[PDB]
Every structure is written in C-alpha cells, then in structure tokens.
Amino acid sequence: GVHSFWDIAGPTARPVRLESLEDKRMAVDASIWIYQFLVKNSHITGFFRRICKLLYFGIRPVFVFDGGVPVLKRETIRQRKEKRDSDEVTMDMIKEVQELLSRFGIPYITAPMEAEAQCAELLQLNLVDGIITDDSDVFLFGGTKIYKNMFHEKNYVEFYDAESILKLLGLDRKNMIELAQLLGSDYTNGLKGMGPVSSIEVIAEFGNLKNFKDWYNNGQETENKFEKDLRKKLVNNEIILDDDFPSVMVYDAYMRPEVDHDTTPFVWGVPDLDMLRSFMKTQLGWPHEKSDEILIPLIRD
C-alpha cells in the first residue's frame, strides 16, 4: 500500500452493513492471507472462517492470488533490507487453500502479477461488483468500490470509492500516484519528512510534483510561511529532486500494471457439504457433525 494513505482517505469512508452486501460479486485480494495466518494448519482455519463470513452474508467471492513480483517492487524491498523449503511449503498451503475454495464452489484466479491490480481490473470489466482488500495500492491501480476491514469483528465495513475521494479531497488517480512518491509505497521510498499532512499540503499548494520540484530547485527569497518552512525541512533532510522526480517508471507501474483482460464471467457453485466434511476431517480432525453445524446453513435446497 501507500504509506499512511488510509489516514488521508479515512474521512471519506462510508460504513455499510454486512447485510447490504447480499448477492454482491466481490474480488477478494487473498494475496496476503497465508502470511497472516502463519495448532496445525492455521492457513486452513483462517481461510475457512473468512470464507464462512463472506458466504454467511451471501457474498459471491472471487479469490485472487498473487502472480509475480514486479521489478520496481523487488528493488524497493531490497533497498529496505539495506524436507521442504519455504517456497515448497508456500506452494502446498496455497494448493490446500485453493482445494478448500473449490469444495466451497468458490472460483479463484492467479493474477499475472499483483493481485490488487487484477482486482481493480476485474471490477473495470464488471466481473465483480466490489473489491475486498485493505491494500491502498488498489486505488492507484484504478480501483474503486473498496470494502476495507471486512474481517474485523464489527457489524459494518468501510466503503471507499474514487468519486468520494475526488469530491472530498480533490484527489484523482494521478494525484494519488504522485502522493505515493512523497509518502512511499512498494514502488518508491518517498521523501524523508513527508508524512500524510505535509504530502497533502504539497499537492494542494503546487498541484503536481513537477511544480513542486521546480519551486524547490529554482529557489536554491520572498517565500510565504508555508514555502519557507518546507524548504528548510527539505534542506535539513538533504532532499534531492532530480530528473527522475517525478518518476515515469512509478507512473507506468501503477497506470499500466500487468493484468489479465479475460472477460469470461466467473461461475459460482454451491458448497459441497460431503467434500467439505471430509476435507475438514482430514486437515483439522473435525467430526462431520462439527462441520455441519457451520456449513448446513450455507446449503440451499
């Protein structure tokens, strides 16, 4: 995500009841779930409970898994750290969780690259009605209709949309991509000293990062209060704004991520009680009757 971005977008949130999501097709960004569940087979327990919450409220989810890591992201990570192996164990957990999904009759895909980018594309193609994720990157990838904190234990979830963000904060997609280069994200380290308050002020005052850069480099005398304090801060943090600021690579990474444009509509099956019974028995030692108590209310006649 973009660092501190939810602090900025937070006031535009609209609480909606879980009951209002009935029959909605929802892209579920599941790229990060296995890591969050890292008692044997906690990934299964974790996926099971979240899947049940979605289906309990009649949501029609499509699960999206990460594909590759793009180069800019790999680089930015690398500069921040500056019988089976881990990969094999990961492969197995993903496979098991996907087996669980299919027994629930829930479709899933593996994005070519970032899951959130793919989620945004699913919504653009009207293959889903909304996106369930807590990763603010989704906005920069052109996402809207985002449902955040879906898995907190509250009666409501937070609904965000690109329209409200524009109307209320004056921010469009290019603005958010530029905010990322101040705040930092997976694709850029941002600027030292630039938090959500200073970053928003910069966009509001200078409109864009080019003007921001120009005001800075040219000036290095009749500057107002705001400009004077900001310049000293940039100086004090040894900020250099060269020909790579703003970054065309960052812009392209968010504006043109690798996604699948396939327009085949997703198909939802019904949960397979028999196969879920045996799966849960095998994986976690649940008696069938225990599985039934949770799962039978999910079975239409």
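One rule holds for the numbers: they count along the sequence shown, beginning at 1.
Compared with the other entries of this protein, residue 40 is frequently left unbuilt, missing from a third or more of those that build its neighbours. Of the other structures of this protein that model both sides of residue 155, a third or more give it no coordinates.
Per the record, residue 220 and residue 221 are separated by a gap of 4 to 9 residues from the deposited sequence that were not modelled. Going from residue 153 to residue 154, you skip over nothing: the modelled chain follows the deposited sequence without a break. Between the stretches 255-263 and 238-246, it is 238-246 that shows the larger average CA temperature factor. Comparing the deposited coordinates for 132-140 and 210-218, the stretch with the larger average C-alpha B-factor is 210-218.
Note on the listed residues 173, 103, 95, 78: the highest Cα temperature factor in the record is that of 78. Listed residues 271, 58, 61, 70 were ranked by CA B-factor as deposited; 70 comes out on top. Annotation for residue 280: C-alpha temperature factor in the lowest third relative to the rest of the modelled chain, per the entry. Among the modelled residues of its chain, residue 30 has a C-alpha B-factor that falls in the middle third according to the deposited record. Split the chain's modelled residues into thirds by C-alpha temperature factor. Residue 91 is in the highest one. Annotation for residue 295: C-alpha temperature factor in the lowest third relative to the rest of the modelled chain, per the entry. Per the deposited record, the Cα B-factor of residue 204 falls in the highest third when ranked against the other modelled residues of its chain.
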